[PDB]
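Asks: Below is the structure I would like to discuss, written out as structure tokens.
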Amino acid sequence: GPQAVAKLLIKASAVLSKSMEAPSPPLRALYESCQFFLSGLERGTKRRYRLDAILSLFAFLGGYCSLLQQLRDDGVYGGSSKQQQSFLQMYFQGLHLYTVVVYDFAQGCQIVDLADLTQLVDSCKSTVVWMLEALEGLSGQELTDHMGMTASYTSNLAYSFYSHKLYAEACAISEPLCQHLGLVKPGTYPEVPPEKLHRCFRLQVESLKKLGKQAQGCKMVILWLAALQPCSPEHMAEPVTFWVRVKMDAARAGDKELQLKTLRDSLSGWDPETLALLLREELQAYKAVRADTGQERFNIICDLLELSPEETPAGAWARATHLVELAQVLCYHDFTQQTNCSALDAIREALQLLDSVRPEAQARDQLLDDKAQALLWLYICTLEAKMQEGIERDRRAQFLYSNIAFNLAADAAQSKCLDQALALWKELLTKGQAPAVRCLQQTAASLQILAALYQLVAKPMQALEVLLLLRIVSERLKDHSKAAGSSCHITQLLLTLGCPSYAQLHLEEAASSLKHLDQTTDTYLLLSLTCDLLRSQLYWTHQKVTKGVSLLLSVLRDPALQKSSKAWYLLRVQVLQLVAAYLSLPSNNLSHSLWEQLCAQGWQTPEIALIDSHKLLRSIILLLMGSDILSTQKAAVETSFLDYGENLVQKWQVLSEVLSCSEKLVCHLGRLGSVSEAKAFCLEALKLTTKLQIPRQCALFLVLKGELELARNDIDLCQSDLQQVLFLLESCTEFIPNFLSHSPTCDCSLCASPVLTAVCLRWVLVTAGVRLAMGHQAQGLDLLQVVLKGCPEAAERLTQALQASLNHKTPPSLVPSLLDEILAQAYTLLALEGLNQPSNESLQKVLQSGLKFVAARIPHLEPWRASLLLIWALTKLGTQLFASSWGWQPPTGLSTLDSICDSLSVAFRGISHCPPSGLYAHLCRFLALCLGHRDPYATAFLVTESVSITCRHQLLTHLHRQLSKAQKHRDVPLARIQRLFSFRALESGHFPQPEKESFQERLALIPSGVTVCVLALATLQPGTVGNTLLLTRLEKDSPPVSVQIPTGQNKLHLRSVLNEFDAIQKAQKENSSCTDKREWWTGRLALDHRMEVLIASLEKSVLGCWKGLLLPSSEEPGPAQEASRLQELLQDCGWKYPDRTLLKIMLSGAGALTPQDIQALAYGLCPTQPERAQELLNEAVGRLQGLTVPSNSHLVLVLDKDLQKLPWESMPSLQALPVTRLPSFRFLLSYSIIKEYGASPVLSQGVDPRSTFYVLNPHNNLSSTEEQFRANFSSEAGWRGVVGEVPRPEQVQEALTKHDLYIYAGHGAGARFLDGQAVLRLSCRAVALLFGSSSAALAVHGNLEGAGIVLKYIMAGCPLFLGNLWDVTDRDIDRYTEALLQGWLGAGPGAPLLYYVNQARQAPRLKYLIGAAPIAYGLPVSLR
Amino acid sequence: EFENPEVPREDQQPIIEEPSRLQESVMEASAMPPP
Ligand SMILES: [Zn+2]
């Protein structure tokens, strides 16, 4: 009660007043005071009081302590020192009570009450002073221990004030105690528990730290150092950490006075050994902290080196260690000028001193650790020098030469160093005893760096050994974060090698270690997400996709993944790689719902996710080490590395991950047929490997590049790359090729390394491909058998070596699945060669062996399984089995055809999600042949889905960037085009149900008055050109019409036409260099006549009667009625598959139906009664002659990689029609979508003739062209451009984007100043009139699809692209350009360009050699 | 008749996205306990 407490306080005050007036000893009062104290103790349970009450209690307590001291002083207790000691214990009891009261009041104290708490703090300071004053004179451990209890009580009260922000008051209370402890002599208080002293100093130091009195607090740290004078430096390791934190605050604030005061300057007279130990601890604490601490560490090492006496052997060891630290500092900072010694010189001197030192049988462990660290940092610094010299060499050069000069004795020497460091650390740590090192945290950090180095140089096994040692250290250190991280690293590495069981065990170990960590720290979130990612990967490997996808979706949806740290960025890379791994799976694996959920995250194609992973990795490289290691630009950037332990590991880890991601990108893109991008990534990786000087990765990427060059059919460059690989391998083993003919068990650098074995096997595979390409059979076959024999042996050696490394008893359940792709490719090549040789039964057995091999591994080796199924179907094929499935012919799985259809369906759904460019076309066209008119919609869909697949992949990737860049800036049309081009927009069902409704929707999207005709060649032996033409006509509100034209049985087959076209081009090349004028013109005339005959053959023999499937359908009802009658009338004459839509299209052109066409149509469509069918067809034509009238529509030609070369627009039937070309039907749909959303102004409004940019004679090689076009182009209104000079790229970008027309009269397609990437990086709003040579030509290299700049223009959104199909001369093309421009521009508004294109085709002298060259890509355009 | 020969119009002499800028590590808050 307040009044009651006041009355009690009044009683205490009155008692004190009476005691003051009491001269006679108040011994009885002291006894009464003890009773009052007892009452307070009983009330102490409650611990509730006001502030004046607490103040009055303090006053009464003061009198009690005074009486206790007075009694102790009085001879009564003066002689009875035990009574004086008991009096001291009584005062101590009062002190304990005071401490309890203060804690209770402080806890109850509110923010506002702090003012009274400050008054209480003043009393507490006086109490602490009284306690220390009483402590004075104490003798004996118990007396000093009692003094320690007084300090501990004060420390408890001090924390209360510290928490109450009364840091000044808290520091003041601690100051007296701390001052006494700081100024106390050594060994005065040996008993006092150090942690108690730490607590007391901690509060004051932190207070002095937070208050900003860092200077003042630093001095108390010296008193803190002085207080623990006899205490071991292990206790002193807390002041050291506190000190560096104090100095860091000065560094952040820019204060220099604190940095001036160092340890040698501070103590100035401690013993050299302890002073050096404290300097070492300070250096360790600095190396633990982040930010740039180069100069501070340099100063600490300088004083350490000064201390170490070189004459004394122990001083020699100390100097060796300090020289290692100095090498670490100099190895990333430009401090050589002050020290006049390079990092390499310091490390070599340190290594010499270490070799001189002999251990004392108790410091042998630290000797091992120091030698290992010195070797590792020697390697690191020499590698840094090599990288710097590589950057300088590439800067001066700013290829193919350094690539073969990597292996030098330096690599053997540089590596030996790393293996010696690993052996030393393994010897130190593998024994049971805990290593007796100074900082086991440095053994841990250096082991991490060594593992990163081993992974970077492509030695994963030694990295696994290092990580096991790191796990041992972390278990010994009782640090669970490091244990979990090391276990995650081991699991990821083991998954990369291909062993899932050991990965599962180490993932369980990681989770078990993860349970210990606090579930709030960021490290816990990192490790938990990493563990979930590894579990997702393991499920993906163990065919548990459903559960695995859920984990991935949980990982991706976790907001913690998008934090701003380098560890999170590295985690996201693996998330994207796992997304790619899941997206590479067929559709049968996961449900549609989960497929949509996975694709809704932002990545559609595996190549997209892998490219995003590559970009993130390079971004991390930029953030960590700058851009010198990636780009060789002169002084690109100079970001400091900022080495703080984790940065050093992350540098090497990111470099290794960039190399690995570049391998997956190259392999995946080359597998799909996209060889240009694959070569770009392969060359970027080779450049990186050249800078880093790593022969192993250079050999691997050189083999990949050789494979790509074989794919592009460039044997010379491929053989050059293979020779470089052979030199690198023969140098690596030293420091028919001889690396073959080895025992199944061997330990040569090549045999003990899985990476080198893979490189050798891939080399053998590519050499076999070259021999097969160069016509050398019986040798490529032998190399393929070598690969077949070698892959299982390498797998068994990898299994045995992993078993030896990880020390398990149970061998892995399955051999690592890392050479499965190589073996499957070898099987594919062997079966494909066996196709050519049906006589040899061995390859027939190889087909089945490969089929079992790929079927035993589902769904991993799906593309190779699809290839083997296609080859099996082709083998079962051997006038055809497809004749029964088509309505027109030239004039156990049930049956064979059904089994072929089932196998091809399995192959299709095995590759449909991410199809290779060639295999997809092969399967689609073969399946269309097998199906025919049995499933017309399926046949039409298959024929549509076999043209421009690489263009589809490139458009998907381009749409991702357009979406990513828009998201960065901030999309509906882009999403719709993505859905249109996606391989995963299908529903769930059996083939072809899902594929059909999709194609039916696409057909329903056709624009009105447009005919889409797809001309594809069916190939019965991949790598060749077939003689069967597949024609599919698509029109709105009309069922698709498909036909097959076998041209092989008759003379003049489509292959002969292609050969003649190639011969014409070759002869033109040769004739272009003739100096004579009378021979040049004769050759040109002969070639023109040959090409005219070729076009006539195209119209007459290649197509035949089926030339009317490309003409507009009649809008008059006559053909409809005639077809309606003739369907029923011809079903009786032997027409197996009646089609009204076919008859309607063919009869719409009854005027041009020659009697030979009618004869062929009747004799093929109705073979049982040919004469009668001919009679009815003739009667129908007679009724429809004249009655039909020409329509007004447009034709789009979709041709495969072999048919774009031929000039189809120049045929007599098509010479009076608007005909354009498009890569695919999906592109016409995309044009419709873009026009709907108003993103194509030219296709919507029209070309404005006042907006034209012209490039005329850039390099001044042509004078007739300039003299013919300069005045005409300049005189036009509103036309700008260049003439006589090359145009700047930012000019031509504006020309394409901000202009309606773009005329180019020069050499080629202008690729020198307008590359494909440049145009693809912008939106095309102009009609590109490229009048160069081969401007609209697609270069077909090998079996790859055609490549050219026209595809870039179309994917950029160009309305129409006009270009020449073959090389042209100058004067004739000048004539054609003049005619076209005059006719189109003088025709007034609303003039279609295609009509005048075909009209100006009659302008050149060589009508067919020059005029037939121009073609059109896109949609018709007209002026506004 | 035969005119002079005509000179040919032939010339006769994939981008890896530039690395993006990743944000720097977020300085994590540096815990004084009771007696
Ligand atoms: Zn060997």
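Ligands are numbered from 1 in the order shown, residues from 1 within each chain, and chains are lettered A, B, ... in the order they appear in the structure tokens.
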Give me the chain A side of the contact with ligand 1, cut-off 12 Å, one line per residue showing its nearest atom pair and distance in Å at one decimal, counting only C-alpha atoms and all ligand atoms, sorted by chain and residue number, as JSON lines.
Replies:
```
{"residue": "A:729", "atom": "CA", "partner": "ligand 1", "partner_atom_place_in_ligand_line": "1 (Zn)", "distance": 11.8}
{"residue": "A:730", "atom": "CA", "partner": "ligand 1", "partner_atom_place_in_ligand_line": "1 (Zn)", "distance": 11.9}
{"residue": "A:732", "atom": "CA", "partner": "ligand 1", "partner_atom_place_in_ligand_line": "1 (Zn)", "distance": 11.9}
{"residue": "A:733", "atom": "CA", "partner": "ligand 1", "partner_atom_place_in_ligand_line": "1 (Zn)", "distance": 8.8}
{"residue": "A:734", "atom": "CA", "partner": "ligand 1", "partner_atom_place_in_ligand_line": "1 (Zn)", "distance": 11.7}
{"residue": "A:738", "atom": "CA", "partner": "ligand 1", "partner_atom_place_in_ligand_line": "1 (Zn)", "distance": 9.7}
{"residue": "A:739", "atom": "CA", "partner": "ligand 1", "partner_atom_place_in_ligand_line": "1 (Zn)", "distance": 6.9}
{"residue": "A:740", "atom": "CA", "partner": "ligand 1", "partner_atom_place_in_ligand_line": "1 (Zn)", "distance": 7.9}
{"residue": "A:741", "atom": "CA", "partner": "ligand 1", "partner_atom_place_in_ligand_line": "1 (Zn)", "distance": 8.5}
{"residue": "A:742", "atom": "CA", "partner": "ligand 1", "partner_atom_place_in_ligand_line": "1 (Zn)", "distance": 5.3}
{"residue": "A:743", "atom": "CA", "partner": "ligand 1", "partner_atom_place_in_ligand_line": "1 (Zn)", "distance": 6.7}
{"residue": "A:744", "atom": "CA", "partner": "ligand 1", "partner_atom_place_in_ligand_line": "1 (Zn)", "distance": 8.1}
{"residue": "A:745", "atom": "CA", "partner": "ligand 1", "partner_atom_place_in_ligand_line": "1 (Zn)", "distance": 7.4}
{"residue": "A:746", "atom": "CA", "partner": "ligand 1", "partner_atom_place_in_ligand_line": "1 (Zn)", "distance": 4.4}
{"residue": "A:747", "atom": "CA", "partner": "ligand 1", "partner_atom_place_in_ligand_line": "1 (Zn)", "distance": 5.5}
{"residue": "A:748", "atom": "CA", "partner": "ligand 1", "partner_atom_place_in_ligand_line": "1 (Zn)", "distance": 4.3}
{"residue": "A:749", "atom": "CA", "partner": "ligand 1", "partner_atom_place_in_ligand_line": "1 (Zn)", "distance": 7.2}
{"residue": "A:750", "atom": "CA", "partner": "ligand 1", "partner_atom_place_in_ligand_line": "1 (Zn)", "distance": 5.9}
{"residue": "A:751", "atom": "CA", "partner": "ligand 1", "partner_atom_place_in_ligand_line": "1 (Zn)", "distance": 4.4}
{"residue": "A:752", "atom": "CA", "partner": "ligand 1", "partner_atom_place_in_ligand_line": "1 (Zn)", "distance": 7.4}
{"residue": "A:753", "atom": "CA", "partner": "ligand 1", "partner_atom_place_in_ligand_line": "1 (Zn)", "distance": 9.6}
{"residue": "A:754", "atom": "CA", "partner": "ligand 1", "partner_atom_place_in_ligand_line": "1 (Zn)", "distance": 11.4}
{"residue": "A:756", "atom": "CA", "partner": "ligand 1", "partner_atom_place_in_ligand_line": "1 (Zn)", "distance": 10.5}
{"residue": "A:757", "atom": "CA", "partner": "ligand 1", "partner_atom_place_in_ligand_line": "1 (Zn)", "distance": 9.1}
{"residue": "A:760", "atom": "CA", "partner": "ligand 1", "partner_atom_place_in_ligand_line": "1 (Zn)", "distance": 11.1}
{"residue": "A:790", "atom": "CA", "partner": "ligand 1", "partner_atom_place_in_ligand_line": "1 (Zn)", "distance": 11.4}
{"residue": "A:793", "atom": "CA", "partner": "ligand 1", "partner_atom_place_in_ligand_line": "1 (Zn)", "distance": 11.2}
{"residue": "A:794", "atom": "CA", "partner": "ligand 1", "partner_atom_place_in_ligand_line": "1 (Zn)", "distance": 10.2}
{"residue": "A:797", "atom": "CA", "partner": "ligand 1", "partner_atom_place_in_ligand_line": "1 (Zn)", "distance": 10.7}
```
Asks: Go ahead and write the selection's residues with N, CA and C atoms as a PDB file, in the first residue's frame.
Replies:
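Full text of result_34.pdb as output:
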```pdb
ATOM      1  N   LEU A 729      44.434 -34.782 -75.567  1.00  0.00           N
ATOM      2  CA  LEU A 729      44.364 -36.066 -74.874  1.00  0.00           C
ATOM      3  C   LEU A 729      45.737 -36.720 -74.773  1.00  0.00           C
ATOM      4  N   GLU A 730      46.502 -36.720 -75.869  1.00  0.00           N
ATOM      5  CA  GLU A 730      47.830 -37.321 -75.849  1.00  0.00           C
ATOM      6  C   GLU A 730      48.776 -36.567 -74.925  1.00  0.00           C
ATOM      7  N   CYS A 732      47.635 -34.921 -72.142  1.00  0.00           N
ATOM      8  CA  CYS A 732      47.139 -35.192 -70.796  1.00  0.00           C
ATOM      9  C   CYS A 732      47.585 -36.562 -70.299  1.00  0.00           C
ATOM     10  N   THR A 733      47.539 -37.582 -71.159  1.00  0.00           N
ATOM     11  CA  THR A 733      47.987 -38.902 -70.723  1.00  0.00           C
ATOM     12  C   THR A 733      49.496 -38.924 -70.505  1.00  0.00           C
ATOM     13  N   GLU A 734      50.246 -38.172 -71.315  1.00  0.00           N
ATOM     14  CA  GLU A 734      51.691 -38.095 -71.127  1.00  0.00           C
ATOM     15  C   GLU A 734      52.045 -37.268 -69.896  1.00  0.00           C
ATOM     16  N   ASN A 738      46.368 -44.078 -79.476  1.00  0.00           N
ATOM     17  CA  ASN A 738      46.886 -44.988 -78.462  1.00  0.00           C
ATOM     18  C   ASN A 738      46.044 -45.027 -77.194  1.00  0.00           C
ATOM     19  N   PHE A 739      45.119 -44.084 -76.998  1.00  0.00           N
ATOM     20  CA  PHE A 739      44.301 -44.136 -75.793  1.00  0.00           C
ATOM     21  C   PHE A 739      43.275 -45.259 -75.835  1.00  0.00           C
ATOM     22  N   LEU A 740      43.028 -45.843 -77.003  1.00  0.00           N
ATOM     23  CA  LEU A 740      42.230 -47.055 -77.101  1.00  0.00           C
ATOM     24  C   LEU A 740      43.117 -48.249 -76.759  1.00  0.00           C
ATOM     25  N   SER A 741      42.585 -49.460 -76.937  1.00  0.00           N
ATOM     26  CA  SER A 741      43.320 -50.696 -76.659  1.00  0.00           C
ATOM     27  C   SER A 741      43.837 -50.727 -75.223  1.00  0.00           C
ATOM     28  N   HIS A 742      42.995 -50.302 -74.288  1.00  0.00           N
ATOM     29  CA  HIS A 742      43.285 -50.369 -72.865  1.00  0.00           C
ATOM     30  C   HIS A 742      42.529 -51.528 -72.228  1.00  0.00           C
ATOM     31  N   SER A 743      42.995 -51.931 -71.052  1.00  0.00           N
ATOM     32  CA  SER A 743      42.283 -52.934 -70.282  1.00  0.00           C
ATOM     33  C   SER A 743      40.949 -52.367 -69.803  1.00  0.00           C
ATOM     34  N   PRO A 744      39.946 -53.224 -69.594  1.00  0.00           N
ATOM     35  CA  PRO A 744      38.688 -52.734 -69.008  1.00  0.00           C
ATOM     36  C   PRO A 744      38.881 -52.063 -67.661  1.00  0.00           C
ATOM     37  N   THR A 745      39.874 -52.490 -66.886  1.00  0.00           N
ATOM     38  CA  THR A 745      40.251 -51.839 -65.636  1.00  0.00           C
ATOM     39  C   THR A 745      41.607 -51.176 -65.841  1.00  0.00           C
ATOM     40  N   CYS A 746      41.643 -49.845 -65.730  1.00  0.00           N
ATOM     41  CA  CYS A 746      42.930 -49.113 -65.877  1.00  0.00           C
ATOM     42  C   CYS A 746      42.885 -47.808 -65.065  1.00  0.00           C
ATOM     43  N   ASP A 747      44.050 -47.236 -64.731  1.00  0.00           N
ATOM     44  CA  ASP A 747      44.074 -46.033 -63.851  1.00  0.00           C
ATOM     45  C   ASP A 747      44.798 -44.856 -64.518  1.00  0.00           C
ATOM     46  N   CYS A 748      44.967 -44.882 -65.843  1.00  0.00           N
ATOM     47  CA  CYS A 748      45.590 -43.730 -66.549  1.00  0.00           C
ATOM     48  C   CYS A 748      44.714 -42.483 -66.341  1.00  0.00           C
ATOM     49  N   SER A 749      45.311 -41.286 -66.362  1.00  0.00           N
ATOM     50  CA  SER A 749      44.521 -40.073 -66.190  1.00  0.00           C
ATOM     51  C   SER A 749      43.205 -40.161 -66.951  1.00  0.00           C
ATOM     52  N   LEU A 750      43.226 -40.775 -68.135  1.00  0.00           N
ATOM     53  CA  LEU A 750      42.015 -40.867 -68.944  1.00  0.00           C
ATOM     54  C   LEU A 750      41.042 -41.893 -68.377  1.00  0.00           C
ATOM     55  N   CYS A 751      41.547 -43.047 -67.937  1.00  0.00           N
ATOM     56  CA  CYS A 751      40.668 -44.099 -67.439  1.00  0.00           C
ATOM     57  C   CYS A 751      40.154 -43.819 -66.033  1.00  0.00           C
ATOM     58  N   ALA A 752      40.929 -43.124 -65.205  1.00  0.00           N
ATOM     59  CA  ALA A 752      40.482 -42.816 -63.854  1.00  0.00           C
ATOM     60  C   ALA A 752      39.541 -41.623 -63.796  1.00  0.00           C
ATOM     61  N   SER A 753      39.369 -40.897 -64.899  1.00  0.00           N
ATOM     62  CA  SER A 753      38.508 -39.725 -64.932  1.00  0.00           C
ATOM     63  C   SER A 753      37.301 -39.997 -65.813  1.00  0.00           C
ATOM     64  N   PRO A 754      36.081 -39.951 -65.275  1.00  0.00           N
ATOM     65  CA  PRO A 754      34.897 -40.110 -66.136  1.00  0.00           C
ATOM     66  C   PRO A 754      34.783 -39.045 -67.212  1.00  0.00           C
ATOM     67  N   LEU A 756      37.210 -37.426 -68.886  1.00  0.00           N
ATOM     68  CA  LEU A 756      38.100 -37.716 -70.002  1.00  0.00           C
ATOM     69  C   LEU A 756      37.636 -38.941 -70.776  1.00  0.00           C
ATOM     70  N   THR A 757      37.077 -39.934 -70.084  1.00  0.00           N
ATOM     71  CA  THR A 757      36.555 -41.101 -70.786  1.00  0.00           C
ATOM     72  C   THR A 757      35.382 -40.718 -71.680  1.00  0.00           C
ATOM     73  N   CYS A 760      36.850 -38.990 -74.730  1.00  0.00           N
ATOM     74  CA  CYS A 760      37.424 -39.944 -75.674  1.00  0.00           C
ATOM     75  C   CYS A 760      36.341 -40.697 -76.438  1.00  0.00           C
ATOM     76  N   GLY A 790      33.045 -49.769 -75.037  1.00  0.00           N
ATOM     77  CA  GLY A 790      33.676 -48.926 -74.045  1.00  0.00           C
ATOM     78  C   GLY A 790      32.757 -48.300 -73.023  1.00  0.00           C
ATOM     79  N   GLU A 793      32.134 -50.483 -69.865  1.00  0.00           N
ATOM     80  CA  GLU A 793      33.367 -50.603 -69.092  1.00  0.00           C
ATOM     81  C   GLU A 793      33.638 -49.339 -68.287  1.00  0.00           C
ATOM     82  N   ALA A 794      33.450 -48.176 -68.909  1.00  0.00           N
ATOM     83  CA  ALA A 794      33.621 -46.921 -68.190  1.00  0.00           C
ATOM     84  C   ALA A 794      32.604 -46.790 -67.065  1.00  0.00           C
ATOM     85  N   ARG A 797      33.827 -48.902 -64.196  1.00  0.00           N
ATOM     86  CA  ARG A 797      34.945 -48.274 -63.501  1.00  0.00           C
ATOM     87  C   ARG A 797      34.478 -47.108 -62.638  1.00  0.00           C
TER      88      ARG A 797
END
```
Asks: Going by DSSP on the backbone, which bits of region 487-569 of chain A are helix (DSSP H, G or I)? Write them as a VMD selection string, please.
Replies: chain A and resid 487 to 497 500 to 514 522 to 541 545 to 557 559 to 562 566 to 569
Asks: Any idea what's packed within 8 Å of region 27-34 of chain B, counting only C-alpha atoms, ignoring anything in its chain fewer than 5 positions away? Could you give it as a list in words?
Replies: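 Non-adjacent residues within range: residues 156, 159 and 160 of chain A.
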Asks: Which neighbours of region 1296-1298 of chain A fall inside 8 Å, counting only C-alpha atoms, when residues of the same chain fewer than 6 positions from it are skipped, and could you give them as a ChimeraX atom specification?
Replies: /A:1319,1322-1326,1328
Asks: Write the residues you've just listed into a file as a PDB file, in the first residue's frame, and include N, CA and C atoms for each of them.
Replies:
```pdb
ATOM      1  N   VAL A1319      17.901  -7.497 -86.614  1.00  0.00           N
ATOM      2  CA  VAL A1319      16.517  -7.384 -87.064  1.00  0.00           C
ATOM      3  C   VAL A1319      15.587  -8.137 -86.123  1.00  0.00           C
ATOM      4  N   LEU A1322      14.215  -6.239 -83.037  1.00  0.00           N
ATOM      5  CA  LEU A1322      13.297  -5.132 -83.255  1.00  0.00           C
ATOM      6  C   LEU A1322      12.039  -5.644 -83.941  1.00  0.00           C
ATOM      7  N   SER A1323      11.020  -4.791 -83.973  1.00  0.00           N
ATOM      8  CA  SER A1323       9.766  -5.101 -84.645  1.00  0.00           C
ATOM      9  C   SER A1323       9.809  -4.534 -86.059  1.00  0.00           C
ATOM     10  N   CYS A1324       9.570  -5.391 -87.048  1.00  0.00           N
ATOM     11  CA  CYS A1324       9.632  -4.982 -88.444  1.00  0.00           C
ATOM     12  C   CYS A1324       8.307  -4.355 -88.858  1.00  0.00           C
ATOM     13  N   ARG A1325       8.343  -3.065 -89.185  1.00  0.00           N
ATOM     14  CA  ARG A1325       7.177  -2.319 -89.636  1.00  0.00           C
ATOM     15  C   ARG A1325       7.305  -1.889 -91.092  1.00  0.00           C
ATOM     16  N   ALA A1326       8.255  -2.457 -91.829  1.00  0.00           N
ATOM     17  CA  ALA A1326       8.518  -2.066 -93.202  1.00  0.00           C
ATOM     18  C   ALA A1326       8.460  -3.286 -94.107  1.00  0.00           C
ATOM     19  N   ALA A1328      10.394  -5.183 -96.688  1.00  0.00           N
ATOM     20  CA  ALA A1328      11.808  -5.285 -97.027  1.00  0.00           C
ATOM     21  C   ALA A1328      11.955  -5.700 -98.485  1.00  0.00           C
TER      22      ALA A1328
END
```
Asks: Closest to chain B among A:838, A:1118, A:1357, A:1083, using only C-alpha atoms?
Replies: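 Nearest candidate to chain B out of A:838, A:1118, A:1357, A:1083: A:1083.
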Asks: Residues of chain A no more than 7 Å from chain B, counting only C-alpha atoms: send them over as a PyMOL selection string.
Replies: chain A and resi 155-156+159+564-566+615+618-620+623+676-677+680+1072+1077-1078+1080+1306-1308+1317+1332-1333+1367-1371
Asks: Could you write out the selected residues, including C-alpha atoms, as a PDB file, in the first residue's frame?
Replies:
```pdb
ATOM      1  CA  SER A 155      26.329  -7.537 -13.939  1.00  0.00           C
ATOM      2  CA  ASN A 156      22.701  -8.777 -13.608  1.00  0.00           C
ATOM      3  CA  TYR A 159      21.971  -5.891 -18.121  1.00  0.00           C
ATOM      4  CA  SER A 564      18.770 -10.626 -52.931  1.00  0.00           C
ATOM      5  CA  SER A 565      21.823 -12.722 -52.101  1.00  0.00           C
ATOM      6  CA  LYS A 566      24.375 -14.669 -54.111  1.00  0.00           C
ATOM      7  CA  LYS A 615      22.150 -15.784 -68.067  1.00  0.00           C
ATOM      8  CA  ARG A 618      26.861 -14.880 -66.097  1.00  0.00           C
ATOM      9  CA  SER A 619      25.015 -12.180 -64.059  1.00  0.00           C
ATOM     10  CA  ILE A 620      26.530 -13.741 -60.907  1.00  0.00           C
ATOM     11  CA  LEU A 623      28.403  -9.279 -59.768  1.00  0.00           C
ATOM     12  CA  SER A 676      24.152 -22.101 -84.859  1.00  0.00           C
ATOM     13  CA  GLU A 677      23.221 -21.268 -81.260  1.00  0.00           C
ATOM     14  CA  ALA A 680      27.809 -19.846 -80.320  1.00  0.00           C
ATOM     15  CA  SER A1072      30.369 -15.658-113.643  1.00  0.00           C
ATOM     16  CA  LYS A1077      31.956 -11.605-123.516  1.00  0.00           C
ATOM     17  CA  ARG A1078      30.984 -13.968-126.379  1.00  0.00           C
ATOM     18  CA  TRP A1080      29.640 -15.468-121.054  1.00  0.00           C
ATOM     19  CA  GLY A1306      23.292  -3.825-103.168  1.00  0.00           C
ATOM     20  CA  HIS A1307      25.217  -6.979-102.300  1.00  0.00           C
ATOM     21  CA  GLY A1308      23.489  -9.875-100.575  1.00  0.00           C
ATOM     22  CA  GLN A1317      20.077 -10.794 -84.453  1.00  0.00           C
ATOM     23  CA  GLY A1332      20.697  -8.546-103.631  1.00  0.00           C
ATOM     24  CA  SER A1333      21.864 -12.043-104.490  1.00  0.00           C
ATOM     25  CA  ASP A1367      22.711 -15.329-107.177  1.00  0.00           C
ATOM     26  CA  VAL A1368      21.874 -12.574-109.707  1.00  0.00           C
ATOM     27  CA  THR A1369      23.805 -10.188-111.999  1.00  0.00           C
ATOM     28  CA  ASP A1370      23.567  -6.403-111.841  1.00  0.00           C
ATOM     29  CA  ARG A1371      22.029  -4.914-115.007  1.00  0.00           C
TER      30      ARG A1371
END
```
Asks: Just to confirm, what's the straight-line distance from CA of residue 495 (chain A) to CA of residue 539 (chain A) in Å (one decimal)?
Replies: 11.6 Å
Asks: So how far away is CA of residue 369 (chain A) from CA of residue 425 (chain A), in Å?
Replies: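 Those two atoms sit 6.5 Å apart.
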Asks: Report, in Å to a single decimal, how far apart CA of residue 629 (chain A) and CA of residue 698 (chain A) are.
Replies: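 Rounded to one decimal, the two atoms are 15.6 Å apart.
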Asks: Counting only C-alpha atoms, what is within 12 Å of residue 1179 (chain A), bar same-chain residues fewer than 4 positions away, as a list in words?
Replies: residues 1122, 1125, 1126, 1147, 1150, 1155, 1158, 1172, 1173, 1174, 1175, 1183, 1184 and 1185 of chain A
Asks: So which residues touch residue 1409 (chain A) within 7 Å, counting only C-alpha atoms, skipping near sequence neighbours fewer than 3 positions away, as a ChimeraX atom specification?
Replies: /A:1088,1091,1406,1412-1413
Asks: Those residues with C-alpha atoms, as a PDB file, in the first residue's frame please?
Replies:
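selection-v8.pdb, freshly written:
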```pdb
ATOM      1  CA  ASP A1088      18.256 -19.621-118.951  1.00  0.00           C
ATOM      2  CA  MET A1091      15.927 -23.209-116.114  1.00  0.00           C
ATOM      3  CA  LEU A1406      17.117 -13.568-119.229  1.00  0.00           C
ATOM      4  CA  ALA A1412      12.355 -16.104-111.720  1.00  0.00           C
ATOM      5  CA  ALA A1413      14.781 -15.349-108.868  1.00  0.00           C
TER       6      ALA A1413
END
```
